[PDB]
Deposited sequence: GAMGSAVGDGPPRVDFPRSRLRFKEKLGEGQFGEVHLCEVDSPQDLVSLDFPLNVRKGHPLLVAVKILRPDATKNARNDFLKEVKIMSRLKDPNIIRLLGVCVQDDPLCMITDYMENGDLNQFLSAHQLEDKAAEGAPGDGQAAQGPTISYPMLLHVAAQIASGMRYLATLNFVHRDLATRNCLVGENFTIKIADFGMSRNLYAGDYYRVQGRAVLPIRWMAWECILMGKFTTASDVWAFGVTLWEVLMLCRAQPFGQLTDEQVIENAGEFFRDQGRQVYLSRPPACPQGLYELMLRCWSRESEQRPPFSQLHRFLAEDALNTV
């Protein structure tokens, strides 16, 4: 519950802020798991953060959310054990595919991927859990095209350009952030909805471009001010070439100026699983 000696470390999968993820083998033939441990330079602050993440993760029980399989909080060394997701994060996965003409992925499959994210988010909503960093870099692919939402410390490292860093401030995914988050730092379910729109845009781009990729960080922050001013000078992500107009309009609703006018995840799921099929 759970004995450490049964873990055979295989390869480093990546490195976060207080943690590090390795592929491991379990001997009771061989089961593969992903194991998050403290980094070698871990401090007391890191240990505390690790213990809090166990607490948060122990609550989360849904098919489309990362699952905690097992733990060491018992005796050190600390670890979290989760499912090994053979196909990596969603960003890597989609980047390695092209859209089917007429390794490939179909448009109905992109919808299925996005519907699974929406369902994960619907679960989190019911718990009044705000994610704060929804993006494809934070989703895992298991196949048979199983998507699980996670929150990786390591995302901040391998996707450094996706985060706006000022000394003494929190590290902010500004390109995925609702205008009111950029201007006020008020993170809500409604700002998760906005980030879901951006995430959906990424899925439809097959992760080929950063959101507002031709614009600087400052222009992105200035753009949020334009939402606030509401003088019809705000700018939006363009329609992906794979995206039909009806699906684009769903994205646009995620990006409503008013929080309350953004669709709940129940509705987003329904649209992506049913309405989008026509």
Point out each run of deposited residues with no C-alpha coordinates, keeping the order of the sequence. 1 to 14, 43 to 58, 133 to 146, 323 to 324
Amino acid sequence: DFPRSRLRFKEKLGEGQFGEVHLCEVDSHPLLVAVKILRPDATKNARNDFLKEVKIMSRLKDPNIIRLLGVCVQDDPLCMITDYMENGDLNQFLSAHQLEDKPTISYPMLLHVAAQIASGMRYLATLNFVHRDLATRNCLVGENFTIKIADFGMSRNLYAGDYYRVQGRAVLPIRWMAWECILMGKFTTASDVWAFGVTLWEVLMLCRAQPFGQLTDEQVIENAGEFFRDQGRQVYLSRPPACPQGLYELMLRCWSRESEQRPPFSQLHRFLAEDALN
From here on, numbers count along this sequence of modelled residues.
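We call the rigid core the largest set of C-alpha positions that still match within 1.5 Å between the two forms.
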Relative to the presented form, and with the rigid core used for superposition, do the C-alpha atoms of 74 to 82 or of 87 to 95 deviate more in 9 other deposited structures of this protein? 74 to 82
Please work out whether 13 to 21 or 260 to 268 has the higher root mean square C-alpha deviation in 9 other deposited structures of this protein relative to the shown form, with the rigid core as fitting region? 13 to 21
Selected stretch [higher average CA B-factor]: 209 to 217 or 36 to 44: 36 to 44
Averaging the C-alpha B factors as listed in the entry, name the stretch that ends up higher: 107 to 115 or 193 to 201. 107 to 115
Going by the deposited entry, which of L172, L158, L134, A125 has the highest CA temperature factor? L158
Scanning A178, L78, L140, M121 for peak Cα temperature factor in the entry gives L78
Using the B-factor values recorded in the entry, state whether the Cα atom of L272 falls in the lowest, middle or highest third among the modelled residues of its chain. lowest
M251: C-alpha B-factor third of its chain, per the entry, is the lowest
By the recorded C-alpha temperature factor, relative to the other modelled residues in its chain, which third is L51 in? middle
Please place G70 in the lowest, middle or highest third of its chain by C-alpha B factor as given in the entry. highest
Record-listed C-alpha B factor of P240: chain third: lowest
